[PDB]
Undergrad: 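Below you'll find the structure I mean.
Each chain gets a letter, A, B and so on, in the order the sequences are listed, and its residues count up from 1.
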Protein chains: 4
Amino acid sequence: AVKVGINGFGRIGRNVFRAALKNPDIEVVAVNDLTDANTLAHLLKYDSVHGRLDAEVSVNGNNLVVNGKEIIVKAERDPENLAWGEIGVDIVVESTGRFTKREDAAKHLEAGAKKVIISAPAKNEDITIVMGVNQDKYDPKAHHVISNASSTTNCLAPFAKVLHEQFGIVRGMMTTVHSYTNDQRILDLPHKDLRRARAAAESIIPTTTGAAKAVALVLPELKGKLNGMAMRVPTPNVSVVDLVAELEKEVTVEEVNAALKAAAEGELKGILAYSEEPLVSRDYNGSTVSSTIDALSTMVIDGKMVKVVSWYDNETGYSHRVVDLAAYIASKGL
Amino acid sequence: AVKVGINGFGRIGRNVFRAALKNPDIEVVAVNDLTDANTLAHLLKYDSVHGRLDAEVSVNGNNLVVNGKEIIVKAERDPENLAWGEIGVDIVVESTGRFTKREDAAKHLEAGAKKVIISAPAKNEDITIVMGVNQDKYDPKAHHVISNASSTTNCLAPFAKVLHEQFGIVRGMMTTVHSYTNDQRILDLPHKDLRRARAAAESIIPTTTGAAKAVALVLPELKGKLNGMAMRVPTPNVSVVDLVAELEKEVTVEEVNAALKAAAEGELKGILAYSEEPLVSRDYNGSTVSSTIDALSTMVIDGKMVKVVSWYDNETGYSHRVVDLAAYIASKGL
Amino acid sequence: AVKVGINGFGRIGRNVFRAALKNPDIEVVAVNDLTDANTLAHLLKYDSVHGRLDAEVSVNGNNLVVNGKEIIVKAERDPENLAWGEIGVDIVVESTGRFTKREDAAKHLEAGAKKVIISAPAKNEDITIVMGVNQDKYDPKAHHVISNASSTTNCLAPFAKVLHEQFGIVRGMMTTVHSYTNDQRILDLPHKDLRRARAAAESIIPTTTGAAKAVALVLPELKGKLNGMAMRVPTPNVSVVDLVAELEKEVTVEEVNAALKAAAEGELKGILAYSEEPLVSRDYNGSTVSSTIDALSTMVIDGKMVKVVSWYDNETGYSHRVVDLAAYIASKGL
Amino acid sequence: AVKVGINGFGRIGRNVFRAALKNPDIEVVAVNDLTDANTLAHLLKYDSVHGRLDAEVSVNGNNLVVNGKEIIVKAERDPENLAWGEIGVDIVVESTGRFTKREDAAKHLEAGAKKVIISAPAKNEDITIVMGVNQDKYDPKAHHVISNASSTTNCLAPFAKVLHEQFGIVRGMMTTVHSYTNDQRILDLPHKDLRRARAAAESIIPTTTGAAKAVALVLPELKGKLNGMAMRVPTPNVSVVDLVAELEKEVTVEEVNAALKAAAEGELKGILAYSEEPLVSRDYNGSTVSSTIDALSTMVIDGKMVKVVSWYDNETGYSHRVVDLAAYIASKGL
Ligand SMILES: NC(=O)c1ccc[n+]([C@@H]2O[C@H](COP(=O)([O-])OP(=O)(O)OC[C@H]3O[C@@H](n4cnc5c(N)ncnc54)[C@H](O)[C@@H]3O)[C@@H](O)[C@H]2O)c1
Ligand SMILES: NC(=O)c1ccc[n+]([C@@H]2O[C@H](COP(=O)([O-])OP(=O)(O)OC[C@H]3O[C@@H](n4cnc5c(N)ncnc54)[C@H](O)[C@@H]3O)[C@@H](O)[C@H]2O)c1
Ligand SMILES: NC(=O)c1ccc[n+]([C@@H]2O[C@H](COP(=O)([O-])OP(=O)(O)OC[C@H]3O[C@@H](n4cnc5c(N)ncnc54)[C@H](O)[C@@H]3O)[C@@H](O)[C@H]2O)c1
Ligand SMILES: NC(=O)c1ccc[n+]([C@@H]2O[C@H](COP(=O)([O-])OP(=O)(O)OC[C@H]3O[C@@H](n4cnc5c(N)ncnc54)[C@H](O)[C@@H]3O)[C@@H](O)[C@H]2O)c1
């Protein structure tokens with residue numbers, strides 16, 4: 001139905017493309033990057049993390065062809081030259097990681113697009129949305145540049161919503177043991193973050209994250225109640241959130257998990273998941289939900305301090321949420 | 001001075017041997033394992049984690065020779081046949097990981113040894129000691145089988161002591177992002193812990209740990225105040241403790257770090273360290289201290305919740321503490 | 001059809017089971033290992049290398065239930081106590097790694113089995129077979145303890161066959177950059193092979209291999225003409241054979257690749273495959289063929305020396321060849 | 001003595017600096033990259049591969065201060081704006097990776113430099129040199145832009161020299177199982193080489209290499225006789241050359257190894273080394289030689305075909321050869 005365009009056909013760009021294939025309401029008709037159709041086609045066909053694409057892929061002229069459907073391939077470094085309007089693209093997924101500021105993301109709008117979804121925390125966005133938590137705050141009339149937050153926030157926000165509405169959160173701190181990403185470095189190179197400058201596959205790398213505070217963006221009641229950090233480790237994909245929080249009401253482990261399980265089977269079905277299996281990160285590769293509670297890890301002290309651990313395929317979960325948001329926005333009128 | 005014997009010449013056994021080379025008060029005269037002198041000599045000479053041994057190594061007869069010093073090599077599976085007494089071994093470092101129960105560890109005593117140091121949490125030990133925290137509780141007259149706890153507890157205990165004596169700990173939870181060890185599995189094999197059964201270098205593996213509760217063994221005041229877990233990740237060595245705790249007194253980040261830094265330069269010098277550099281796990285390989293505070297990671301909410309992150313070379317730090325304990329015990333009289 | 005038993009439900013054991021699900025001529029009614037049905041069921045369902053098994057898996061008291069069918073679980077360290085005869089098991093896949101010698105493998109026969117397939121190079125086996133190369137040499141009346149060779153031999157033999165019949169091999173040498181396996185070590189531990197004693201996920205590890213020599217067991221004409229080595233590297237699965245050989249007939253790269261391709265689309269279809277894609281090891285995880293030619297790597301000098309590179313999923317290709325062999329052996333009468 | 005400048009303070013840049021500290025004939029007075037003195041100082045002090053630099057490192061306003069000496073830090077993306085002449089820099093090590101073509105490298109000369117050492121295979125260089133093989137061909141009056149070849153060529157050339165002079169090489173093919181480098185990608189990203197575009201730490205990655213052909217630049221007699229490929233694997237450093245060659249003279253493994261050993265203890269000492277130890281890649285990290293023969297791997301068939309395996313720390317060996325070359329070039333007059 002709605003024509004979509006992806007700017008930055010990378011880990012998120014391609015994952016989003018695959019998710020879109022499952023939703024007949026959104027049609028990805030064009031992608032943009034900094035290489036040729038040949039290369040983008042080869043990357044989409046063979047993925048080191050998610051395997052071989054289950055569809056026919058070819059190159060026709062200077063474009064891609066997926067299961068007979070033709071996808072326009074652009075290679076414009078400057079978003080202003082994307083002419084999205086010219087080909088009827090209404091929604092643009094900004095996943096280059098270079099245009100998180102509104103002044104840059106808005107270039108897609110000048111190019112003819114109607115809505116822009118920044119696939120990451122943003123700067124001066126009209127609004128930040130986490131599906132299953134605050135999509136209702138989206139306002140078609142004023143929100144044109146939207147942020148889908150980070151995968152980490154998308155994992156924490158949902159169960160943080162549950163703990164707070166069910167038991168009340170006084171304060172809490174989190175740590176996300178996160179798989180390395182392309183923002184890091186192969187072997188000790190310059191980086192604004194002296195931590196991320198170090199060989200990604202050789203160390204446990206502590207780094208700062210705003211995912212905790214960003215939760216306040218979608219859950220205002222929690223402003224100033226959370227903070228945390230990240231630890232990048234030697235895994236190519238799949239991460240996990242570890243939250244330690246002080247609760248108002250007195251509770252037991254069973255209660256906490258019971259609340260989380262009910263929410264996952266209820267109002268958060270498809271967003272929050274609940275597992276009582278003793279699994280590891282590899283088992284969650286391909287997971288489409290935003291957050292799966294590792295129930296066996298639930299822990300409580302004095303009935304006031306709790307530890308909740310949740311899994312998330314940082315590439316997949318988030319990309320599926322991007323498509324949900326794109327469909328949600330389209331259904332609101334363009 | 002005191003003759004030492006090492007049972008289980010592995011990651012800890014060999015690391016302990018190297019540490020002993022630096023202390024003229026302890027002399028390691030015999031090691032036992034399940035292989036031949038040739039093999040143990042080759043392992044001691046070339047280490048994948050700590051590099052080539054800086055000393056001359058050879059094999060003479062059925063024994064090892066390190067810088068001209070001869071080390072007896074035994075290959076007795078059953079500790080009772082070690083005849084430590086016959087060669088004058090008074091202290092035995094039990095690092096096979098198979099004899100953590102007192103009934104097994106005591107076999108070294110029947111063999112003629114006077115004291116046994118179990119290099120891990122134990123079962124029914126006469127006492128568990130963490131150097132810099134409770135070595136004063138050691139009683140030469142009644143403590144013959146001693147536990148040096150785990151490397152994780154050795155990392156947490158010291159700064160937990162400081163936070164509690166300085167600000168008072170109501171309760172706290174910790175998570176140790178830990179390098180894989182030989183207790184794990186290369187590729188999905190049977191293991192009592194269905195988590196540790198999974199390919200160690202391919203996933204982030206959540207696992208349970210008693211390091212938090214074990215802190216109570218050396219710091220009785222903290223009984224029932226702590227609990228936590230571990231996450232084994234794809235790194236061959238070096239781990240980090242992440243503690244989230246509720247404090248009694250109201251404090252600031254600067255205060256917390258100031259207290260930790262003073263303790264590291266004071267009463268805990270050589271045990272607790274303090275760093276304000278943005279480093280990663282590889283930078284701590286070879287670290288001899290038990291715990292180095294990553295000050296930049298210190299974080300506080302409402303002046304009541306704090307996050308303290310500390311580094312520890314799980315093999316090296318602990319092994320150096322084993323030698324300290326052996327010397328400490330010897331100085332108490334055998 | 002013919003009932004099979006798996007002794008050693010490990011990487012090959014469980015992969016052999018997966019393949020058997022697709023082969024109507026064979027049925028797995030029992031497996032034996034050193035643990036409980038709950039551990040094996042958990043391992044069968046969650047695989048760090050091949051993902052979640054696409055089938056119903058549960059535990060029936062003391063047995064496994066896969067897609068309704070009930071699999072009997074044994075835990076006999078001694079093959080002589082398996083009593084295969086009491087459950088009608090005719091063919092036993094010996095994949096423990098401990099019974100590669102006929103004296104030991106033959107115990108399954110004493111236990112009621114009729115044929116034993118050793119999943120690896122063996123000692124004193126009645127015959128060594130490489131599917132697609134010499135299954136014709138199989139003698140139902142004389143061969144009871146059969147070896148399915150190694151996965152490396154299964155990868156090399158098929159195209160070595162093609163090269164020799166088509167151009168004649170004077171002599172050659174190979175190196176297989178092979179993924180690590182459970183025969184190695186996590187962190188420097190005793191091992192008969194001092195190279196394999198070293199941390200598997202940390203180095204490139206040269207180790208000897210008899211795969212090249214073994215080719216002669218299935219292709220007599222190549223006796224004494226081939227030799228090689230292995231290099232274990234930090235990947236969990238998938239390997240590649242690198243053969244450099246002197247040919248009798250003068251050839252060009254195009255002619256060598258054409259012969260390999262024709263053989264793959266002809267007589268060796270399903271056993272040998274041919275690829276002109278610039279792929280990497282991760283791309284062959286799950287591959288069921290025994291050998292896939294990496295055509296872009298084919299090289300020639302003076303029209304006499306050639307380099308042929310072929311990929312292989314050491315777990316899947318081999319495990320499927322084992323099932324193929326079991327079905328073949330059965331079609332000959334037991 | 002002669003003042004040197006390093007353009008590109010990366011893996012080779014910083015390793016070249018470490019080696020220069022030990023060479024009295026050369027002094028590094030300035031380095032150029034794309035960041036601030038604080039970033040470079042932090043990278044120089046903490047290395048994920050080679051550990052903490054054993055020296056005093058600090059920042060003096062806008063420059064580096066190593067063991068007292070002050071190093072000027074530049075940040076000019078355009079080599080033409082380096083003004084080496086104004087600071088007396090005579091020799092410049094071009095190790096950015098972006099200026100391997102003479103048209104670009106020659107800019108340093110236009111900037112006041114007298115000689116330029118390109119740390120890699122080059123295009124239109126006045127001459128390519130492999131230390132210990134053909135430095136004699138150097139012409140101070142005609143050669144201004146010199147290439148120090150690749151680390152792979154530096155590893156292969158020295159023993160290829162020995163084999164040819166001693167037995168005569170008819171033809172051969174090599175494969176270098178090489179550690180990943182910064183030229184690769186963290187997670188499937190565009191790259192001219194579709195193989196190198198794939199996650200470096202997740203697969204075995206075949207890639208082309210001109211190292212074998214390049215040998216002819218330093219050993220004319222071997223022109224058109226050698227060829228090969230590379231296989232990038234999941235290790236951060238250290239590589240190994242695997243050469244299979246047809247010899248003119250009939251030989252035994254013992255004679256080949258004896259020749260290699262004699263050459264290592266003779267004319268090629270310090271360049272070529274010989275080892276009879278069963279080591280692994282981690283053992284050669286820090287090795288300063290260009291090539292170390294793994295004698296246990298030497299193999300021969302029909303007394304004519306031989307396989308020689310040699311190790312090399314692609315970062316350290318090469319970087320030291322660069323310093324050696326710089327000192328040599330200087331001893332010839334600038
Ligand atoms: N990787 C994760 O787990 C994850 C999860 C959620 C959100 N994100 C966010 O999504 C964004 C992209 O992340 P990624 O991991 O996919 O990165 P990536 O580096 O893998 O992909 C980025 C793609 O954008 C292209 N690109 C860069 N500049 C371009 C330009 N100017 N014009 C057009 N194309 C250009 C690159 O060629 C590349 O293919 C970031 O903002 C990041 O923080 C990442
Ligand atoms: N690895 C760490 O980071 C770490 C840190 C602190 C404490 N520990 C503890 O120390 C112990 C050993 O750990 P490791 O990592 O060195 O293990 P390891 O497996 O590397 O070494 C154990 C050694 O003991 C030998 N051994 C086993 N059974 C034997 C027997 N019956 N008799 C004689 N020798 C035998 C093995 O051959 C091996 O060399 C464990 O209890 C463990 O929990 C480990
Ligand atoms: N992994 C590969 O790439 C590969 C490929 C081809 C052939 N092989 C061969 O197959 C065999 C097994 O290899 P793997 O990788 O599956 O090993 P593995 O260690 O993963 O599996 C072996 C299984 O056998 C069990 N076992 C051990 N002793 C036992 C006993 N006495 N009785 C019953 N069960 C016992 C273990 O518990 C384990 O689950 C070896 O001979 C090996 O060389 C391995
Ligand atoms: N890494 C090895 O194993 C190895 C061995 C031998 C030769 N080499 C060669 O040496 C060169 C560099 O390799 P590396 O591994 O050190 O790479 P690297 O990426 O680690 O280092 C390159 C450095 O150059 C800097 N740089 C890039 N453009 C610049 C510019 N225009 N001006 C100034 N600085 C700039 C980067 O910031 C970086 O720090 C390559 O040509 C490579 O082929 C690498």
Undergrad: Looking just at side-chain N and O atoms, do C/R195 and C/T207 make a donor-acceptor pair shorter than 3.5 Å?
TA: no

Undergrad: Pair C/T181, C/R232 - check side-chain contact (heavy atoms from CB on, under 4.5 Å), show working.
TA: CA-CA 9 Å; C/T181 64; C/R232 291 300 179 85; 3.1 Å; yes

Undergrad: Is there a donor-acceptor pair closer than 3.5 Å between any side-chain N or O of B/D33 and the backbone N or O of B/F9?
TA: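 Indeed, once roles are kept as given, a pair shorter than 3.5 Å links the two residues.
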
Undergrad: Is any side-chain heavy atom of C/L187 closer than 4.5 Å to one of B/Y180?
TA: yes

Undergrad: Passes side-chain contact (heavy atoms from CB on, under 4.5 Å), B/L334 versus B/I329? Steps please.
TA: CA-CA 8 Å; B/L334 298 315; B/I329 294 177; 4.2 Å; yes

Undergrad: Measuring from atom CD1 of B/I117 to atom CD of B/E125, what distance do you get when rounded to the nearest 0.5 angstrom?
TA: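 The CD atom of B/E125 is 13.0 Å from CD1 of B/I117, to the nearest 0.5 Å.
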
Undergrad: Before accepting this row, confirm whether a basic side-chain N of the pair B/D193/B/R185 lies closer than 4.0 Å to the acidic partner's carboxylate O.
TA: no

Undergrad: We want to know whether B/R11 and B/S319 form a side-chain donor-acceptor pair, criterion being a heavy-atom distance below 3.5 angstrom.
TA: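 Their side chains do not contain a donor-acceptor pair, so the 3.5 Å distance test is not met.
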
Undergrad: Under 3.5 Å, is there a donor-acceptor pair linking the side chains of D/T292 and D/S275?
TA: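 No.
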
Undergrad: Mind listing the side-chain donor-acceptor pairs of residues 72-95 of chain B below 3.5 Å, one per line with the distance, residues two or more places apart or on another chain?
TA:
| residue | atom | partner | partner atom | Å |
| --- | --- | --- | --- | --- |
| B/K74 | NZ | B/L82 | O | 3.2 |
| B/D78 | OD1 | B/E80 | N | 3.3 |
| B/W84 | NE1 | B/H108 | ND1 | 2.8 |
| B/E94 | OE1 | B/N7 | ND2 | 2.9 |
| B/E94 | OE1 | B/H108 | NE2 | 2.7 |
| B/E94 | OE2 | B/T96 | N | 2.9 |
| B/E94 | OE2 | B/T96 | OG1 | 2.5 |
| B/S95 | OG | B/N7 | O | 3.3 |
| B/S95 | OG | B/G8 | O | 2.7 |

Undergrad: Between B/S291 and B/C155, is there a donor-acceptor pair closer than 3.5 Å when you use the side chain of the first and the backbone of the second?
TA: yes

Undergrad: Could you check if a side-chain atom of B/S290 sits within less than 4.5 angstrom of a side-chain atom of B/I271, using non-hydrogen atoms only?
TA: yes

Undergrad: In terms of side-chain geometry, is the basic nitrogen of B/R98 or B/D104 positioned less than 4.0 Å from the acidic oxygen of its partner?
TA: no

Undergrad: Would a 4.5 Å heavy-atom cut-off, applied to side chains only, mark B/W311 and B/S297 as touching?
TA: no

Undergrad: So, B/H164 side chain and B/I169 main chain: donor-acceptor pair closer than 3.5 Å or not?
TA: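 Between the backbone of B/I169 and the side chain of B/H164 there is a qualifying donor-acceptor contact (under 3.5 Å).
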
Undergrad: Any luck finding a side-chain donor-acceptor pair between B/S151 and B/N154 under 3.5 Å?
TA: no

Undergrad: Would you call B/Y328 and B/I129 a side-chain contact if the rule is heavy atoms closer than 4.5 Å?
TA: no

Undergrad: Tell me, with the steps shown, if D/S48 and A/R198 meet side chain to side chain donor-acceptor pair (under 3.5 Å).
TA: CA-CA 7 Å; D/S48 296; A/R198 314 297 299 292; 3.0 Å; yes

Undergrad: Just wondering, more than 12 heavy atoms not from B/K213 lying within 6.0 Å of its NZ?
TA: no

Undergrad: For the side chain of B/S179 and the backbone of B/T235, is there at least one donor-acceptor N/O pair under 3.5 Å apart?
TA: yes

Undergrad: Taking C-beta and beyond as the side chain, do B/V241 and B/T152 meet within less than 4.5 Å on heavy atoms?
TA: yes

Undergrad: Which atom pairs, one a donor and one an acceptor, fall under 3.5 Å between side chains of residues 53-66 of chain B and the rest of the protein, sequence neighbours left out?
TA:
none

Undergrad: Any side-chain heavy-atom pair from B/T209 and B/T175 closer than 4.5 angstrom?
TA: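 Counting from C-beta outward, B/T209 and B/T175 never come under 4.5 Å.
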
Undergrad: Measuring only between side-chain heavy atoms, which start at C-beta, is D/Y46 closer than 4.5 Å to A/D188?
TA: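 In short, these two side chains do not touch, never coming nearer than 4.5 Å.
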
Undergrad: Evaluate side-chain contact (heavy atoms from CB on, under 4.5 Å) for B/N237 paired with B/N314, printing each intermediate quantity in order.
TA: CA-CA 7 Å; B/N237 184 49; B/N314 46 283; 3.2 Å; yes

Undergrad: Where is the tightest heavy-atom contact between B/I6 and B/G13, given as atom of each residue plus distance?
TA: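 Of all heavy-atom pairs spanning B/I6 and B/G13, the closest is CD1-O, 3.5 Å.
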
Undergrad: Please answer whether the main-chain N or O of B/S119 pairs with a side-chain N or O of B/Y318 as donor and acceptor at a distance below 3.5 Å.
TA: yes

Undergrad: In Å and rounded to the nearest 0.5 Å, what is the CG to CE distance from B/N148 to B/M131?
TA: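 Nearest 0.5 Å value for the CG-CE distance: 8.5 Å.
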
Undergrad: Would you say B/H191's side chain and B/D183's backbone share a donor-acceptor pair under 3.5 angstrom?
TA: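 Looks like yes, one N/O pair under 3.5 Å.
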
Undergrad: May I ask you to decide if B/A106's main-chain N or O and B/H144's side chain share a donor-acceptor pair within less than 3.5 Å?
TA: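 Side chain of B/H144 to backbone of B/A106: no pair is present.
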
Undergrad: In Å, rounded to the nearest 0.5 Å, how long is the span from CG of C/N182 to CG of B/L189?
TA: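 Here the interatomic distance stands at 4.0 Å.
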
Undergrad: Would you name the heavy atoms of B/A200 and B/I205 that are closest together and state the gap between them?
TA: CA-CD1, 3.9 Å

Undergrad: So, B/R52 and D/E277, do they make that salt bridge, N to O below 4.0 Å?
TA: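 Salt bridge: no.
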
Undergrad: Hey, could you give me the CD1/CG distance between B/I293 and B/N257, rounded to the nearest 0.5 Å?
TA: 8.0 Å

Undergrad: Which residue in the set B/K141, B/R102, B/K115 passes salt bridge (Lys or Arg N to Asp or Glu O under 4.0 Å) when paired with B/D126?
TA: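 Exactly one candidate clears the test, B/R102.
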
Undergrad: Between D/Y284 and D/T316, do the side chains contain an N or O donor and an N or O acceptor separated by less than 3.5 Å?
TA: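 No, because no side-chain N or O of D/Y284 sits under 3.5 Å from a partner of the opposite role on D/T316.
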
Undergrad: Where is the tightest heavy-atom contact between B/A105 and B/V116, given as atom of each residue plus distance?
TA: O-CG2, 3.6 Å

Undergrad: Would you say B/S281's side chain and B/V238's backbone share a donor-acceptor pair under 3.5 angstrom?
TA: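 No: the side chain of B/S281 does not pair with the backbone of B/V238.
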
Undergrad: Hey, is the main chain of D/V49 close enough, under 3.5 Å, to the side chain of D/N285 for a donor-acceptor pair?
TA: yes

Undergrad: Kindly give the heavy-atom pair with the smallest separation between B/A157 and B/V130, and that separation in Å.
TA: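 Answer, listing the atom of B/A157 first, then B/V130: CB-CG1, 4.1 Å.
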
Undergrad: Using a cut-off of 6.0 Å, state whether more than 12 heavy atoms not belonging to B/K261 lie near its atom NZ.
TA: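 No - once you tally the heavy atoms of other residues, nucleotides and ligands closer than 6.0 Å, there are 12 at most.
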
Undergrad: Which distance, rounded to the nearest 0.5 Å, do you find between the CG of B/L217 and the CG of B/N134?
TA: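 B/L217 atom CG to B/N134 atom CG measures 8.5 Å (nearest 0.5 Å).
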
Undergrad: Quick one, B/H320 with B/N15, criterion side-chain contact (heavy atoms from CB on, under 4.5 Å). Give me CA distance, side-chain angles, the key distance, then yes/no.
TA: CA-CA 8 Å; B/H320 277 256; B/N15 206 306; 4.3 Å; yes

Undergrad: Rounded to the nearest 0.5 Å, what's the gap from CG on B/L260 to CG on B/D294? Could you check?
TA: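 CG of B/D294 is found 11.5 Å from CG of B/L260.
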
Undergrad: Any side-chain heavy atom of D/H50 sitting closer than 4.5 Å to one from D/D313?
TA: yes

Undergrad: Answer yes or no: is there a donor N or O on one side and an acceptor on the other, between the side chain of D/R282 and the main chain of C/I204, under 3.5 Å?
TA: no

Undergrad: For residues B/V309 and B/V240, report the shortest heavy-atom separation together with the two atoms involved.
TA: CG1-CG2, 3.4 Å

Undergrad: Where do B/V162 and B/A263 come nearest, in terms of heavy atoms and distance?
TA: CG2-CB, 3.7 Å

